[PDB]
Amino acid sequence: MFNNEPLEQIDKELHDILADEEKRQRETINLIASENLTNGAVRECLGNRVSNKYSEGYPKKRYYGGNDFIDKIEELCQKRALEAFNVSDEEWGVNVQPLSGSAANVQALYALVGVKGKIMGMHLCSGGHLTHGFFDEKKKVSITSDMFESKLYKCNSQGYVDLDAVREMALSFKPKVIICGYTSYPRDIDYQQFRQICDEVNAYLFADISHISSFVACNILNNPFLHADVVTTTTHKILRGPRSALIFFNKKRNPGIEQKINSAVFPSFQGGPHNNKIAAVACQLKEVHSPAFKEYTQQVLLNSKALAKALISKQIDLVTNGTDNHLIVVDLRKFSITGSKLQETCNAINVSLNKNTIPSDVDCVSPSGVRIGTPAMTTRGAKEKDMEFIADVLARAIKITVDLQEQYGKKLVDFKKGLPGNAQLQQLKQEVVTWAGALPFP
């Protein structure tokens, strides 16, 4: 007693928007630093009937039965995770149930410190995440500033983590956790000096590596597993998995952390796991290990360096004047345009990027930069030589944005009136569409 007609027949309305979404993805220069494109195999997992199964609890300790095959999938995913991130199943554990990155962070944080717990993380404006304790004078914007007592450290005027300030703050505040690992941070992290500061005040070291996961796994960047008590990561950004998260915990340094973290995920926060996610994650974690994927990850970095260099060659300023990873933040102050204006201009030419604060911004109200990254376009087959074109297109967008602001004014509502029908944008869009449309697409 069910309708088994395919999606096109059963729901034509939805199926056209979805076909449109796909065409837009295929015809866009996607520079969102947090985005990627999943292969067909990962997407076969996500639509697999294994999502029909309720399996509350952990493998070999389920509430229900009929979880024999589900248990093999969850155990295969955990094994593959610890293998991908070069850790021994004796010293490190992993939970594979968190539904997304923000959930994983709130759960892991709760496990370590509990309600009223004291935490330290990077401010949102300086490249921190929302789940690192973000609040505002007006509101406790994240639950992590409300269910916990959070304090927020900043980057210096040049965009680097200011470790002297982390330490001065830690010694007066005395937190149980210090969060490092970030959302829009263009450089590698000194986990060792974080591990030193945490020892000095007796705090846990929490590394959110969601944006740089692949670099950590492939030994291209610093390894927080040498120093961290907890490592969290999403599986959907540079790692190229589905939308999910992973919480790692150091058993050796903290006996009794395994149960704390596991019980935080369930039953403290979640109910039934989504087994299609876990399947999809298992599938991707196999790829992550392969030497082919290390090639991909290296290519992401090569592309990012080349893109930084090309933008500098066109007299565009970058926060920290470069990058150690997949991401760049462009400082837009010398052109007198906001990030939101350039995001609008770039949307009109099928260039996906986001507005992003820079060190000089006191507030998140008017961000004076944009963030770009190479993982999506590296996935689609772009090499170092193609980064000049991307740098060319972004430079042209900045100029057009300056022209449009000149003609229609600095108010955003007034600015956007210039965008529709602009001859140069239609021209620039067409150049983007022709180049992006052709590229390999999973």
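By rigid core we mean the largest C-alpha set that fits within 1.5 Å across both forms. Note that residue numbering begins at 1 and tracks the sequence as displayed.
For this session: Output the stretch, either 61-69 or 385-393, that has more C-alpha displacement from this form in 9 other deposited structures of this protein following superposition by the rigid core.
Result: This comes out as 61-69, the stretch further from the shown form in 9 other deposited structures of this protein.
Exercise. Relative to this form, superposed by the core, which stretch has the greater CA RMS in 9 other deposited structures of this protein: 273-281 or 365-373?
Worked result: The stretch that sits farther from the shown form in 9 other deposited structures of this protein is 365-373.
Exercise. Should the higher mean CA B-factor in the entry be assigned to 223-231 or to 197-205?
Worked result: Mean B over CA atoms: larger for 197-205.
Problem set entry | Residue range whose averaged C-alpha B-factor is higher in the record, 61-69 or 44-52 | Taking the mean C-alpha B-factor of 44-52 and of 61-69, the larger value falls to 61-69.
For this session: Would you mind finding, among 181, 291, 93, 272, the residue with the largest C-alpha temperature factor in the entry?
Result: 291 has the highest C-alpha B-factor of those listed.
Exercise. Reading the B-factor column of the entry, which of 314, 80, 154, 371 has the highest value at its C-alpha atom?
Worked result: Going by the entry's C-alpha B-factors, 154 comes out highest.
Exercise. Can you tell me which third, lowest, middle or highest, the CA B-factor of residue 173 falls into for its chain?
Worked result: Answer is highest: the recorded C-alpha B-factor places it there.
Problem set entry | Record-listed C-alpha B factor of residue 386: chain third | According to the entry, residue 386 has a C-alpha B-factor in the chain's middle third.
Problem set entry | residue 414 by Cα B-factor - lowest, middle or highest third of the modelled chain | Tercile = highest for this residue's CA B-factor.
Exercise. When the modelled residues of the chain are sorted by Cα temperature factor, does residue 35 land in the lowest, middle or highest third?
Worked result: Residue 35: CA B-factor falls in the lowest third of its chain.
Exercise. In terms of the chain's CA B-factor thirds, is residue 114 lowest, middle or highest?
Worked result: Middle third - that is where residue 114 ends up once the chain's C-alpha B-factors are sorted.
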